[PDB]
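Below: the structure, in structure tokens.
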Amino acid sequence: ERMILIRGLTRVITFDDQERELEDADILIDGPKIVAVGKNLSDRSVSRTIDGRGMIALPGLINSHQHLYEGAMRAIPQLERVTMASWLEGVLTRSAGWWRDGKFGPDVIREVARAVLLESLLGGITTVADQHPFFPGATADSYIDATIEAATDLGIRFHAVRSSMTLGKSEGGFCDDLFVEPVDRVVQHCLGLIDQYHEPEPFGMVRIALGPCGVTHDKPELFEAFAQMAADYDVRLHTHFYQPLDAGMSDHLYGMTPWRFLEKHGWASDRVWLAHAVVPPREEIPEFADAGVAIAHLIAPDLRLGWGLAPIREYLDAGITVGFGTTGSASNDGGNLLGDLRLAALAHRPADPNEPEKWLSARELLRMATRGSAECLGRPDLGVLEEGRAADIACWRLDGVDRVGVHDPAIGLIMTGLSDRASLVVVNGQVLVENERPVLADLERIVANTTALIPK
Ligand SMILES: [Zn+2]
């Protein structure tokens with residue numbers, strides 16, 4: 001009261017239940033929450049007014065699938081053109097080698113996370129779900145502590161997804177037994193993280209989720225423990241889903257499809273969101289919907305790894321929640337969620353060359369990146385510019401020379417531009433970016449410090 005007023009925004013995209021948009025309108029903020037969205041709001045109890053003229057405001061973008069530690073693994077010549085098998089082997093080899101050489105402990109990961117998460121804020125991303133699977137040694141080291149610390153320092157909203165690779169090469173697994181933890185170690189560790197960090201209240205800034213790498217990378221016992229843990233502590237469940245080699249490997253290991261696996265081990269529920277979902281059998285999609293599972297579309301790695309086009313239109317037709325994410329920077333290789341939406345806008349269209357009404361629109365993509373992702377993460381308090389939701393807001397300027405001649409500013413955010421840099425970004429009511437610059441973080445100092453720590 002002590003309120004913040006963003007006045008005169010040229011366009012507001014709400015993604016509320018009526019899909020309202022507004023022009024020349026205001027957003028009124030008090031503490032962590034939005035008070036009003038509308039024309040000519042009162043500045044009676046306002047301590048600060050921000051000039052929104054020439055900007056478009058959206059809900060803060062929500063990256064429902066990251067791997068922050070991979071920020072250290074960008075643009076590696078040997079991984080430029082690689083199929084999954086070679087790629088995965090190259091990432092595991094590097095994370096294991098750097099770690100054993102003392103170059104990749106929680107303290108390095110903290111600063112790599114700080115850089116990728118600051119990038120995220122600067123890209124208009126106000127919540128990130130990071131899935132960290134790398135816990136070498138005889139004790140679960142403090143990598144998630146490190147990412148939470150970075151996220152907390154920056155003030156970005158954060159879901160830490162505790163991942164693993166519990167299926168050993170012995171038992172038909174992919175990875176070296178250095179990455180393989182006993183299921184009880186993983187379960188024990190997750191219990192402690194929930195107790196220490198999880199903020200279940202509305203507008204909570206740190207949440208914990210439980211996330212096996214996959215149906216063919218983790219023991220079915222882990223899936224069931226997590227299903228129990230999620231019901232008892234009311235947290236959510238995350239895993240990869242229907243990557244191209246999965247159906248065959250699942251059949252080989254278990255004689256069932258990946259979806260049947262999930263059903264059998266307690267994961268066919270509305271506690272679950274699923275990464276990629278590139279190549280499910282079409283017949284199972286109605287079952288996804290009936291179960292209430294959510295799907296995060298990840299166009300950039302699906303393309304980069306040569307996997308192709310997830311049936312997103314089919315998911316939307318079926319009423320399935322669709323969110324959006326970047327995955328990690330070893331398979332993207334950036335954290336630029338907004339830019340990746342352009343990739344999706346365009347790459348999907350050749351699959352349906354004569355039915356353009358099937359193509360994903362700009363507004364559908366922006367909805368996936370905000371409300372959709374919010375729903376993946378089970379956050380009814382995010383992803384929507386309306387009274388009562390979190391004051392998580394991302395705004396871009398529309399008056400650049402590269403956006404001249406744009407007729408619809410929302411389509412324009414996808415279809416035009418030299419830069420995806422946000423102008424104004426608010427998280428939990430706190431202004432963190434203004435004039436395309438961090439207001440509390442030392443951008444240059446963060447770059448210098450993290451750069452020095454990247455393994456060479
Ligand atoms: Zn992933």
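Positions are given from 1, in the same order as the sequence printed here.
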Full working for side chain to side chain donor-acceptor pair (under 3.5 Å) between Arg157 and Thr126: CA-CA 6 Å; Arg157 194 178 305 276; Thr126 52; over 6 Å; no
Any sub-3.5 Å donor-acceptor pair from [X]'s side-chain atoms to [Y]'s backbone N or O?
{"X": "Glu70", "Y": "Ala330", "value": "yes"}
{"X": "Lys39", "Y": "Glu23", "value": "yes"}
{"X": "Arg207", "Y": "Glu199", "value": "yes"}
{"X": "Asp333", "Y": "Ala75", "value": "yes"}
{"X": "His65", "Y": "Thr327", "value": "no"}
{"X": "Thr239", "Y": "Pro212", "value": "yes"}
{"X": "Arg349", "Y": "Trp359", "value": "no"}
{"X": "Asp26", "Y": "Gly8", "value": "yes"}
{"X": "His132", "Y": "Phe134", "value": "yes"}
{"X": "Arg236", "Y": "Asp270", "value": "yes"}

field: Full working for salt bridge (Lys or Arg N to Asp or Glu O under 4.0 Å) between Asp43 and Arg7
entry: CA-CA 9 Å; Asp43 63 7; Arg7 173 146 62 210; 3.7 Å; yes
message: side-chain contact (heavy atoms from CB on, under 4.5 Å) for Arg363 and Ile411? Distances and angles first, verdict last.
response: CA-CA 7 Å; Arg363 285 174 168 72; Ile411 297 176; 3.8 Å; yes
- prompt: Can a salt bridge be assigned to the pair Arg313 and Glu355 using a cut-off of 4.0 Å between side-chain N and carboxylate O?
  reply: no
task: Indicate yes or no: does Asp399 engage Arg53 in a salt bridge with an N to O separation below 4.0 Å.
output: no
Would you call [X] and [Y] a side-chain contact if the rule is heavy atoms closer than 4.5 Å?
{"X": "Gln78", "Y": "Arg94", "answer": "yes"}
{"X": "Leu28", "Y": "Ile4", "answer": "no"}
{"X": "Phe223", "Y": "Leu237", "answer": "no"}
{"X": "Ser419", "Y": "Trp396", "answer": "no"}
{"X": "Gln430", "Y": "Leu440", "answer": "no"}
{"X": "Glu263", "Y": "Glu287", "answer": "yes"}
{"X": "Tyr143", "Y": "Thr147", "answer": "no"}
{"X": "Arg389", "Y": "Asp381", "answer": "no"}

query: Got more than 12 heavy atoms from elsewhere within 6.0 Å of CD, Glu201?
result: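 Enclosed: over 12 neighbouring heavy atoms sit under 6.0 Å from CD of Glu201.
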query: Should we say atom CG of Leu92 is surrounded by more than 12 heavy atoms from elsewhere, each under 6.0 Å from it?
result: yes
Minimum heavy-atom distance between [X] and [Y], given as atom pair plus value:
{"X": "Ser329", "Y": "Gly335", "answer": "OG-N, 4.0 Å"}
{"X": "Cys213", "Y": "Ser163", "answer": "N-OG, 3.6 Å"}
{"X": "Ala410", "Y": "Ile13", "answer": "CB-CD1, 4.1 Å"}
{"X": "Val206", "Y": "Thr152", "answer": "CG2-OG1, 4.2 Å"}
{"X": "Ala268", "Y": "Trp259", "answer": "CB-CH2, 3.7 Å"}
{"X": "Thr416", "Y": "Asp402", "answer": "CB-O, 3.9 Å"}

Which atom pairs, one a donor and one an acceptor, fall under 3.5 Å between side chains of residues 105-118 and the rest of the protein, sequence neighbours left out?
{"from": "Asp107", "atom 1": "OD1", "to": "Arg110", "atom 2": "NH1", "distance (Å)": "2.9"}
{"from": "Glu111", "atom 1": "OE1", "to": "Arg114", "atom 2": "NE", "distance (Å)": "2.8"}
{"from": "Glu111", "atom 1": "OE2", "to": "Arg114", "atom 2": "NH2", "distance (Å)": "2.9"}
{"from": "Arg114", "atom 1": "NH1", "to": "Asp153", "atom 2": "OD2", "distance (Å)": "2.9"}

- request: Applying side-chain contact (heavy atoms from CB on, under 4.5 Å), run through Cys190 and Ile208 and close with a yes or a no.
  value: CA-CA 8 Å; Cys190 289; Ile208 304 293; 5.8 Å; no
task: Test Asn63 against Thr326 for side chain to side chain donor-acceptor pair (under 3.5 Å), laying out the working first.
output: CA-CA 7 Å; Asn63 188 343; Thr326 58; 2.8 Å; yes
- request: Kindly write out the residues that satisfy side-chain contact (heavy atoms from CB on, under 4.5 Å) with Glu375, not counting sequence neighbours, or none if the list is empty.
  value: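 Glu375 satisfies side-chain contact (heavy atoms from CB on, under 4.5 Å) with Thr321, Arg371 once adjacent residues are dropped.
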- request: Could you pull out all residues at least two apart from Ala277 that satisfy side-chain contact (heavy atoms from CB on, under 4.5 Å)?
  value: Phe241, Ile295, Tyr315
State the [atom1]-[atom2] distance between [X] and [Y], to the nearest 0.5 angstrom.
{"X": "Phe15", "Y": "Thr370", "atom1": "CZ", "atom2": "OG1", "answer": "4.5 Å"}
{"X": "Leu262", "Y": "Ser269", "atom1": "CG", "atom2": "OG", "answer": "9.5 Å"}
{"X": "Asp317", "Y": "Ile312", "atom1": "CG", "atom2": "CD1", "answer": "11.5 Å"}
{"X": "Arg397", "Y": "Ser423", "atom1": "CZ", "atom2": "OG", "answer": "5.5 Å"}
{"X": "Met165", "Y": "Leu88", "atom1": "CE", "atom2": "CG", "answer": "7.0 Å"}
{"X": "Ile125", "Y": "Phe324", "atom1": "CD1", "atom2": "CZ", "answer": "10.5 Å"}

- request: Kindly assign one of parallel, tilted or perpendicular to the pair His238 and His240, based on the angle between their ring planes and the thresholds 30° and 60°.
  value: tilted
- prompt: Do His159 and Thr127 pass the side-chain contact (heavy atoms from CB on, under 4.5 Å) test, and can you show the C-alpha distance, the side-chain angles, and the key distance before you say yes or no?
  reply: CA-CA 8 Å; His159 286 225; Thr127 302; 4.2 Å; yes
message: Pairing donors with acceptors under 3.5 angstrom, does anything connect the side chains of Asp145 and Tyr197?
response: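 Checked: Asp145/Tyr197 side chains pair up, N/O donor to acceptor below 3.5 Å.
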- prompt: Can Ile34 and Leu385 be said to form a side-chain contact (heavy atoms from CB on, under 4.5 Å), step by step?
  reply: CA-CA 7 Å; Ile34 296 173; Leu385 297 178; 3.8 Å; yes
message: Less than 6.0 angstrom from the centroid, inside 45 degrees of the normal: does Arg162 satisfy that with respect to the ring of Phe135?
response: yes
